[PDB]
Each structure stands twice: as structure tokens, then as C-alpha cells.
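Enquirer: Structure below; questions to follow.
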Amino acid sequence: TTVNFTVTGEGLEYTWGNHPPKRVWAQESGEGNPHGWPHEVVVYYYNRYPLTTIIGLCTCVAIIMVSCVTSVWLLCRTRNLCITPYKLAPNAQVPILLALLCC
Amino acid sequence: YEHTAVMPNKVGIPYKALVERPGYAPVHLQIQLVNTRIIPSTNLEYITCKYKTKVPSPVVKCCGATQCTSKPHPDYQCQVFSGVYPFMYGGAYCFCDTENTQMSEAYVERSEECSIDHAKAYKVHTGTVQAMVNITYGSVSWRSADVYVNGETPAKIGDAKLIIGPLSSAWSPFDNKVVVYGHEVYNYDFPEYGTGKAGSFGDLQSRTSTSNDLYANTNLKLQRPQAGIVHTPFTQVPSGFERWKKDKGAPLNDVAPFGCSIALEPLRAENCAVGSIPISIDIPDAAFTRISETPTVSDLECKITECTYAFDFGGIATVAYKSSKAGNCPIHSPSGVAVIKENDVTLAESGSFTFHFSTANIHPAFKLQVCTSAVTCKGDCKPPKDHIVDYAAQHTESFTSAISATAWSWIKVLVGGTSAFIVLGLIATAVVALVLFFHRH
Amino acid sequence: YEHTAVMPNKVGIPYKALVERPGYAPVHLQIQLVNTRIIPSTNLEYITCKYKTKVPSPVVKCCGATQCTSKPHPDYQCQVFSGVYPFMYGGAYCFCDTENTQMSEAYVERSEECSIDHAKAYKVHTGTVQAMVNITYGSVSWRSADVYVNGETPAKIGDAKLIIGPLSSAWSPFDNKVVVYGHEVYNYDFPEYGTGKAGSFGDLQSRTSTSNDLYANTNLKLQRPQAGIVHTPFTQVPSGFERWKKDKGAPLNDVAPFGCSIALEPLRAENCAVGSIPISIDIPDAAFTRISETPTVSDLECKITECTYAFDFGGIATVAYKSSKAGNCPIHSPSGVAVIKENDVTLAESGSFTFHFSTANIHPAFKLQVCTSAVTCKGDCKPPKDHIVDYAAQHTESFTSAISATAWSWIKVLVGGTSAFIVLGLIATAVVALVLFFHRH
Ligand SMILES: *[C@@H]1O[C@H](CO)[C@@H](O)[C@H](O)[C@H]1NC(C)=O
Ligand SMILES: *[C@@H]1O[C@H](CO)[C@@H](O)[C@H](O)[C@H]1NC(C)=O
Ligand SMILES: *[C@@H]1O[C@H](CO)[C@@H](O)[C@H](O)[C@H]1NC(C)=O
């Protein structure tokens, strides 16, 4: 039979009937390239830290979405306040700087 | 000079430090644990083994009757079987056909094998912790002594007095009650003396292997002798000790966490890598040399020529230096990023020397304390090629050990970009508020 | 028949109960503890005793010099005193006037008294609890045996199987460290082996009284011999054991709570009146007689003729009765209001009998069971005349035991009147509130 055991950096001890116990440890030799493109970087950390990488990426996406939504809302709200004083004044000058930064 | 520190509770991994005495050159200190033994206090509760059924000769009363009596024998059984008409080689033993009586007796006693093949039931309480420590300092060769890890009892190891603090963790693999059989220890909650059940572990219990008061709980029932046969038949539940041997399962020796090794003389758990161990060692005054009497190193330049964050000493570095007096110089790395293989180097007036180190970091950065001086070494380490190794890691991994420069770059960009985008929104909101204010005023 | 109950952890006070087996007349059961022993598990840490200073003959080197060498002796001291010119009975020992040296040597040993006059330092861990139980039931005389107070190990006492539950309180008078000297036990956090200070309890520490490795920590210092005298003077800190024996203080034997009595063989605390003890006794089926085979008692009338709530059996009562099949009948009071002195009485076809009881209640009201029947006894009890007695109380005092009928009457008047005042005020408020409502409508 073929038996596969998971070995971590802590080590694994196995004893085969009447043989002395043997101890082995796993090195951090996972696949990937942490110095390459995002594809290779994520692959390396996923193989080395499966759960932490998944949690990390999900947390980053949540922070990005919350930050982008908040900033887009803040800018949309700001733009309305900037242009509303002129939208209600059909003959207003509408300064060129405001026309470029707000309109 | 007393040097105090905290070393990890690891066997075979040496603790290295530089003993820095004001006004004297640093003395390299290396403390290594050879073994660590947790020796609990044990009280033998009783001894269990396979029972023997002793059956004295039956009493055959011809043309009459007899009566059984009570005796102190363990699990003693006595029954009077009337109407027996036994026959032997010489013919009918009794004259009467149905008026004869046979009395059978039987009792349980320890078997001969119980002298050797028996299980000891022990109650385990917190005991003591001892260790074998190998120490070398300065030019003194390796010396070792057996010490008590109490944090108070000092030990003299090569003119140095060592005090080892108690283990940071009170963890022990032994449960409150254990059963020792042969070389194996079982965390088995054995029944108390006098409550063992027939066909179970405690069916037979004895306070000692020589005790005269034996407890035996087997459903020993005397059967009626067969027609015309003089014998003492009986039924009894198979021994619960032999049944236990088949179902005893995995011993503590094979399931104890932290790689503990179990020994029986005395009962103890060895090399349990749990927590850390405080240490306090007094280095003799004669071991220190005045600073003015040792070499002075300057213009240290450290170049990492090759690095792999393998469990072995996969890193190689070259340090260029200039030194006066061209003497010997201790080498050390106080940062946990890398563990240095060499303890000291021989220095010339000028040149370079190489040292080996083991590091878990993909981009190691550590301070190398060249005697009385220091040099910062930085480099890039490649991943190890061997998937499985038969030796423990010589280094310590940290939370950020695996974070590469590219990983930090992306983290900084994501954190900085989102933060900058938030600030842009807040600033624009505040600026427009001022624009509206000026509209009214 | 198994009878289960809970008895207080009291020594010398018998527990009485009626074993009521359906279909059989009650069997009186009385269980009394003769002694209770808490026997902890102890590990000898080291033995301390008065030290002896051994001083070998000094080496007097005339016209020359000698050198001291280290030796494996406890607190070994060696010093060479140059410039000596000793004199003996036969004149000047050395020829040279100052080119002579005397080498003084001294070391610490266990004194001869240490075999008998020494203190044993022990580590104390939870051990076992045992008791001597005295039991009588029905017509069976008092029988006793040693039992284990663990709730598991059964004991055979006079054909009855007794299981004594564990003490409800795990309290023990011994701390984790105790010192045993002579017959006295001291709760003393003695220093760890190898840590005893000079002139203190642990100045001299030995793992056992016959060991060949002795720890000695005394300021043993060799002084220069007086001019012209061959002798080995020395100064040393006076024995910390002799000091300790002066300042031992009060032993545990004199400060243990709950009246514990400390014994040493084995170390134990006896008769500690802590908590209660669950019990279970299986009474033989032969001890029970069918209801129809025992006397029937009726028309019971109990009159208290005298009563004082003294610690002794201060109460006396007379019970009139009518019966049939004159014979013995057990007497018992199931409630804690009164403890009956007599266990059984002889009943005729008619008459009366008397019994004595102990009660703490000023107005005792308790049920008396006369085998298959029961009667209620009521009366008044006078205060006891003796201020101090040399025996423990047989009864138990309850919260309401001291409240007299007069005190209850005042409490009833207080609460009834106080409540009526508020009740009347609230009713008057409600009545006026309704009238005001009807005024508007
Ligand atoms: C073990 O892994 C090998 C491939 O590495 C596979 O062929 C085999 O079936 C596995 N066996 C078990 C028990 O997982
Ligand atoms: C101490 O270390 C040295 C070298 O590492 C070794 O030769 C010696 O046997 C060690 N001592 C013990 C007790 O193992
Ligand atoms: C048990 O109690 C009876 C009566 O109190 C007494 O005669 C007997 O000696 C007691 N048993 C022991 C062991 O003291």
C-alpha cells in the first residue's frame, strides 16, 4: 500500500513495525515566484499559506471596495455641491476652473 | 559575571550569546540542551495481571453429606453437589447410589506470569524537571552536567554556575492516572481498587506484586461434576487483562504531543519541546580580557555571496575587514533573523573572512557583532530545493519572514492607494464646503 | 437492601437511621466513625540537620612552602599561612624563622546526631482519605473495619457491604511544602535543594540521611594560627538548624483548623470535621422481618416530662402505647429536631415507655417513629445550667431553633401591624380615587 502523510515545519515522526522511529521535517520549498508578476506572487503565498492568502486577498478586496465606494460617493456628493450653485443659475458665469474641476 | 537570558526549550539547538562585561571584551557563550526530562511523582495504586484459578481436591462424602464453609480466599467458591456416584480406575468410589456427596472448592490467585507480565496502575502528580546541559564559553571546551530546572538550584559546570528557570509551560503528557505495561505508558483511567469488573482491566487487583490480599472479581461458578467423574468443573469469565492487551490501543509513547519520548526508570517524558527556559550563568572573572588587550576591527563590509533559506546553514557571507594586533575575534548575530554557524574567527591585519548562517527570511537583514564592533548584512535568499529533510530547522521563522520586497511593494501600493483615495474624497468635501461658504460671503 | 444517605463528617457522633425495606419491618442502622485520616502523598526533598566541621591535621612546611588544591568536600576551605614559627612540647618545630608555611584544611560533615536529630523536608500532594467505621444494625453487634473514603472501594463490615462517599470538602491542612521534625509537622516553604543560605534552615541539605553528597553553605573561613601554636582556627556561621529549632514557632499540630490531629506514620491529619460524607450500605436480606411478623403499635401519645437544650441528652419523654405481640420495636426520630438516645424499646400489650433525647430547640416539635408507627412529641425546654462542657453537642442548631413562641408572636405583631398600616393607607387612597372619578362622572 501507499500511505501519504502531511508534514509541516514542525515535523512528523513515523514508525514502521519493529523499525526505530524516524523524524522528518518539511522545508518551505513551495511552488511560485514571490518576486514575479502578481500571478506568480499570489501562487507562491497561496501554496505556502493557503488560508492566510485567501483571507488576506478577501480582506484586501473588501478594503478596496469600501474605500473606492466611499471615495466615489464623496466625490459625487462633492461634485453636486460644486455645480448645484450654478445649475440653478442659468446665466451664471460658471468659472473655467470650476468647469474643469467640477463639470 | 552573571548573564541572564531566555532560551527556547529545544534539544540539540544551541543557544548562542555574547557575554558583554563593561570594560572587557565580549566572551562568547554557547548553551545547548542534551536532553530534557519531566519526571512526575507517581504512587503505585495496584498491580493487575492474569488470574489463576486454584482448585483444591474435591471432598467426596459417600453415603452422607457435607457442608461448605466461608474462607478468605479471593473469589472463593464452594458448592455441595448431592447425588454423585463417581467412578475411578478401581470402580465405583462410593457404595450408595444417590446418598453420596461431592464438595468442590475453587479460588482465584495470581499466576506465575504476574511476577513479570503485569500492568502497574499509577497516580501521577506534578514532580520535577531535570535536564542535561552542554556548555562552552570563550576558550573553555565543552562541559556538561545534569541540572534541575527549578530556577533556584545552581549547578557548577566548568567553573561556571548555571541556574535554569522553570519551564514557561507546566504542560506534561501524563494524565492524572496512567497504566504502565512493559515499556509502554497508557493514559488509562483505571478503576479504583476494589471496583474492577469481571472481564475488564481491573478484574484482578493487587496492591503489590507480593501482597497477600488479592481482589478478584470473576463470575466463577462451580458446575456439577459429570456423571461418574471425579473432577471440579467450573465456568469463569476470561481474564480482563488478556482482553485489555488486545484492546489496549496506542500507548502514550506514540501519541504524546511535542515529540515527547517516554521512559520508565523513572517514569518520565523526555525532550518535550514546550515553551522556553530562562537561564542564568555566572562566567568566571578569569574568562574576560580587557578591551585594550583585544583587536579593534573597523571598516567592516558584509557581502552575502549566496543564500538559501534552507533548514541547514544554507547562507554564506563574506566580511571584509581591517584589524589591529591580528588576533582572534568572536562573531555573533543578536538579531533572530539569522543564526551564525561559526563562533569566532581568526583575524589578520587586513583581509576578509567568511561565515555561514541559517535564515528563514527571503530578504534577511541582520547585525553581525564582530567583537566590539558590528556590520549589517543584507541579501536575497533563494528557496530550498529539498521538500523533506531529516533534521530540524536551525533558524526561527517569523510572521514577516516570507514577505518579499514585491509583496511589500503591492501591500504599500494597495494600502497607500486606498488611503490616498479616501483622503482625496475628504479633502474635496472640505474644499467644496469652503467654496459654498464664500458663495454666501 | 441498599440504604443510601449522607452523614456529617463528625467523629464520636453516631449516625442513626431506619432502613425501610418495602414489605419488611424497619431495621435500625447506626454508623459511627471511629477516626478519619487524610493521608497525603509525600516526596522527601532533602534532610536538614546540625553540621559538623571536620579539620584534618595541618601541613606544617618548614623552610619551604606548600600549595592548596581543590577537593570534592562540602564547603571545603584551604589556605596556606606563611611566616609561621610553631612550637611543640619539644621546642621550636621549624628551623627557619619565616620561611615556613602552615596549610589549614577544613570541611563540613553531617554530625552523629544527624542520624536521629534531623528535619525531613517533604513535598505534599493530594493522597488518599481513610476512615475506621463502627457499624451496628438490627440485632447485630458493633463491627468495624478500615475503609477508603473515595465512594468506590466497598468494604465488608459484618456481612454488610459499606461504600463511603468522598468527603464533600477537599480541604487538607498540609501545604505543598511541609517540614517534619520529631513528632511535629510545620508548614514551611523550605528553600530548594542547593539554595539554603548560611545560618538558615537549609544551610545543610542532604537528599537522604545516608547520602554521600552533602550540600553545605556556611561562611567557613580559615583564620591565621596564633603565633607559635600548631592549630587550625576557623570562623563559621552558627548552625541554622539549631537556630531554627529555637525559632520553629507553632507546629501544624497546634494550628490545624477543624481540630485535626497530625500523625507521622504515615503523615496524616486525623479527625478533621470538614463537610459531610455520603454513604451507601447494603444490609443483608436476612436482617429484615416481614411486617406481619412484627408487633403493631397504635394509640401512641408522647409527653415531654423534662427538657433542657443541653449538649448532652437533656431531654426526657414518656410515650404511652397500645400494642400486640409484645416484643422489641425500634425507635427513631427522622428529623434533626431531636436526637434519640435509645435505639429500641420493649413493648408489652399495653403500657408506656420512656426515651431520652438531645435537642437545640427551645420549643422542640419532632416526629418519633416506633417501628411501623409514629407519634409527634412537643414541649418546652429550659436553658442549660453549665456554661462550659467537656463534650461535643449531640444535636444540631438551626436558624429558627432559638426563636421562642414569644419571639414569634412579636414578629407576627410587628409584620401584621406594619403591613396593615400600609395596606390601610393604600385602600383609603384607592377609595378616594374612585369617589373623585364618580364626582366627574
Ligand atoms: C498517495 O499519493 C499518490 C500520489 O502522490 C497517489 O497515487 C496515491 O493514491 C495516494 N494514496 C493515498 C492513500 O492517499
Ligand atoms: C557537548 O558538545 C560536544 C561538541 O558538540 C560533544 O563532543 C560532547 O559529547 C557534548 N556533550 C554531551 C554530554 O553530549
Ligand atoms: C463500636 O462501638 C461500640 C459501642 O459504642 C464499642 O463497644 C466498640 O468498641 C466500638 N468499636 C471500636 C473499634 O471502638
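Note on naming: chains are A, B, ... as they come in the C-alpha cells, residues start from 1 per chain, ligands start from 1 in the order shown.
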Ligand 3: which residues are within 7 Å, counting only C-alpha atoms and all ligand atoms? Reply as number ranges by chain.
Expert: C: 34, 134-135, 142-144
Enquirer: Leaving out stretch 393-405 of chain C and any residue of its chain fewer than 6 positions from it, which residues lie within 7 Å of it when counting only C-alpha atoms, given as an MDAnalysis selection string?
Expert: chainID C and resid 13 311:312 336 338:339 358:363
Enquirer: Residue C:147: which residues within 8 Å, counting only C-alpha atoms, same-chain residues fewer than 3 positions away excluded, as a PyMOL selection string?
Expert: chain C and resi 130-133+153-155+164
Enquirer: Could the residues in this selection be saved with N, CA and C atoms as a JSON list (two decimals), in the first residue's frame?
Expert:
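Dumped to selection_17.json:
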[["chain", "number", "residue", "atom", "x", "y", "z"],
["C", 130, "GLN", "N", -8.83, 7.84, 54.44],
["C", 130, "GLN", "CA", -9.29, 6.59, 55.01],
["C", 130, "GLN", "C", -10.01, 6.88, 56.32],
["C", 131, "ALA", "N", -10.84, 5.93, 56.74],
["C", 131, "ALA", "CA", -11.56, 6.07, 57.99],
["C", 131, "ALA", "C", -11.81, 4.70, 58.60],
["C", 132, "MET", "N", -12.00, 4.69, 59.91],
["C", 132, "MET", "CA", -12.39, 3.50, 60.66],
["C", 132, "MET", "C", -13.86, 3.69, 61.00],
["C", 133, "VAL", "N", -14.70, 2.79, 60.52],
["C", 133, "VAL", "CA", -16.15, 2.92, 60.66],
["C", 133, "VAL", "C", -16.68, 1.82, 61.56],
["C", 153, "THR", "N", -14.41, 2.09, 46.54],
["C", 153, "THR", "CA", -13.98, 0.84, 47.15],
["C", 153, "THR", "C", -14.99, 0.37, 48.20],
["C", 154, "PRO", "N", -15.63, -0.78, 48.02],
["C", 154, "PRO", "CA", -16.57, -1.26, 49.04],
["C", 154, "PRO", "C", -15.85, -1.99, 50.15],
["C", 155, "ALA", "N", -16.46, -1.98, 51.33],
["C", 155, "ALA", "CA", -15.91, -2.66, 52.49],
["C", 155, "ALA", "C", -16.95, -3.58, 53.09],
["C", 164, "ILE", "N", -18.33, 4.23, 51.36],
["C", 164, "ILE", "CA", -18.30, 5.56, 51.94],
["C", 164, "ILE", "C", -17.90, 6.56, 50.86]]
Enquirer: List all protein, DNA and RNA residues that have at least one atom no more than 12 Å from any atom of ligand 1, counting only C-alpha atoms and all ligand atoms, and write them as a ChimeraX atom specification.
Expert: /A:1-6
Enquirer: Determine which residues of chain B sit within 7 Å of chain A, taking into account only C-alpha atoms, and present them as JSON, numbers by chain.
Expert: {"B": [310, 311, 383, 384, 385, 386, 387, 388, 389, 390, 391, 392, 404, 406, 418, 421, 422, 425, 426, 428, 429, 432]}
Enquirer: Store the residues picked out above in a file with N, CA, C and O atoms, as a short mmCIF file (atom, residue, chain, number, x, y, z; two decimals), in the first residue's frame.
Expert:
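Now in result_23.cif:
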data_model
loop_
_atom_site.label_atom_id
_atom_site.label_comp_id
_atom_site.auth_asym_id
_atom_site.auth_seq_id
_atom_site.Cartn_x
_atom_site.Cartn_y
_atom_site.Cartn_z
N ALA B 310 17.17 27.46 3.68
CA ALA B 310 17.02 26.05 3.98
C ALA B 310 17.14 25.84 5.49
O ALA B 310 17.59 26.71 6.23
N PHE B 311 16.72 24.66 5.94
CA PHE B 311 16.81 24.36 7.37
C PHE B 311 18.26 24.29 7.83
O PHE B 311 18.56 24.58 8.99
N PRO B 383 14.74 29.88 -2.55
CA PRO B 383 14.03 28.80 -1.87
C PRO B 383 14.83 27.51 -1.87
O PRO B 383 15.57 27.23 -2.82
N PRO B 384 14.71 26.70 -0.81
CA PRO B 384 15.40 25.40 -0.80
C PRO B 384 14.76 24.42 -1.78
O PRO B 384 13.55 24.47 -2.04
N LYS B 385 15.59 23.53 -2.30
CA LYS B 385 15.14 22.54 -3.29
C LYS B 385 14.58 21.27 -2.67
O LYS B 385 13.69 20.65 -3.26
N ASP B 386 15.06 20.86 -1.50
CA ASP B 386 14.62 19.62 -0.87
C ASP B 386 13.28 19.81 -0.18
O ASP B 386 13.14 20.69 0.68
N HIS B 387 12.30 18.98 -0.54
CA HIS B 387 10.96 19.09 0.03
C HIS B 387 10.91 18.62 1.47
O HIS B 387 10.26 19.24 2.31
N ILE B 388 11.59 17.51 1.77
CA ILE B 388 11.58 16.91 3.11
C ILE B 388 13.01 16.70 3.57
O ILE B 388 13.87 16.26 2.79
N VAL B 389 13.28 17.01 4.84
CA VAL B 389 14.59 16.85 5.43
C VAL B 389 14.44 16.10 6.75
O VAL B 389 13.38 16.14 7.39
N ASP B 390 15.51 15.43 7.16
CA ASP B 390 15.52 14.62 8.37
C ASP B 390 16.15 15.34 9.57
O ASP B 390 16.51 14.68 10.55
N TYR B 391 16.28 16.66 9.51
CA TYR B 391 16.85 17.43 10.60
C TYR B 391 16.00 18.67 10.85
O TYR B 391 15.41 19.23 9.92
N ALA B 392 15.96 19.09 12.11
CA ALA B 392 15.15 20.24 12.48
C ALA B 392 15.76 21.54 11.97
O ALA B 392 16.97 21.64 11.74
N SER B 404 8.11 39.09 0.68
CA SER B 404 9.15 39.55 -0.23
C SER B 404 9.05 41.06 -0.45
O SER B 404 8.09 41.72 -0.05
N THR B 406 8.60 42.46 -3.35
CA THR B 406 7.46 42.67 -4.24
C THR B 406 6.15 42.59 -3.47
O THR B 406 5.21 43.35 -3.76
N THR B 418 -5.46 53.15 -1.53
CA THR B 418 -6.78 53.28 -0.93
C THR B 418 -6.82 54.42 0.09
O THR B 418 -7.80 55.17 0.16
N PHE B 421 -6.82 57.67 -1.87
CA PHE B 421 -8.11 57.90 -2.49
C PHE B 421 -9.15 58.37 -1.48
O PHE B 421 -9.98 59.23 -1.79
N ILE B 422 -9.11 57.82 -0.26
CA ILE B 422 -10.02 58.27 0.79
C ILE B 422 -9.75 59.73 1.14
O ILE B 422 -10.67 60.55 1.24
N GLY B 425 -11.17 62.17 -1.31
CA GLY B 425 -12.59 62.40 -1.13
C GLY B 425 -12.89 63.34 0.02
O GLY B 425 -13.71 64.25 -0.10
N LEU B 426 -12.21 63.14 1.16
CA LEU B 426 -12.42 64.01 2.31
C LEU B 426 -11.98 65.44 2.03
O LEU B 426 -12.67 66.39 2.40
N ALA B 428 -11.77 66.96 -0.92
CA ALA B 428 -12.70 67.58 -1.86
C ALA B 428 -13.99 67.99 -1.16
O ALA B 428 -14.57 69.04 -1.47
N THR B 429 -14.47 67.17 -0.22
CA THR B 429 -15.67 67.53 0.54
C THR B 429 -15.44 68.77 1.39
O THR B 429 -16.32 69.63 1.49
N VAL B 432 -15.04 71.98 -1.03
CA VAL B 432 -16.30 72.47 -1.57
C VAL B 432 -17.10 73.19 -0.50
O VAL B 432 -17.81 74.17 -0.79
#
Enquirer: What are the DSSP alpha helix (DSSP H) residues of stretch 52-259 of chain B, as number ranges by chain?
Expert: B: 240-247, 252-255
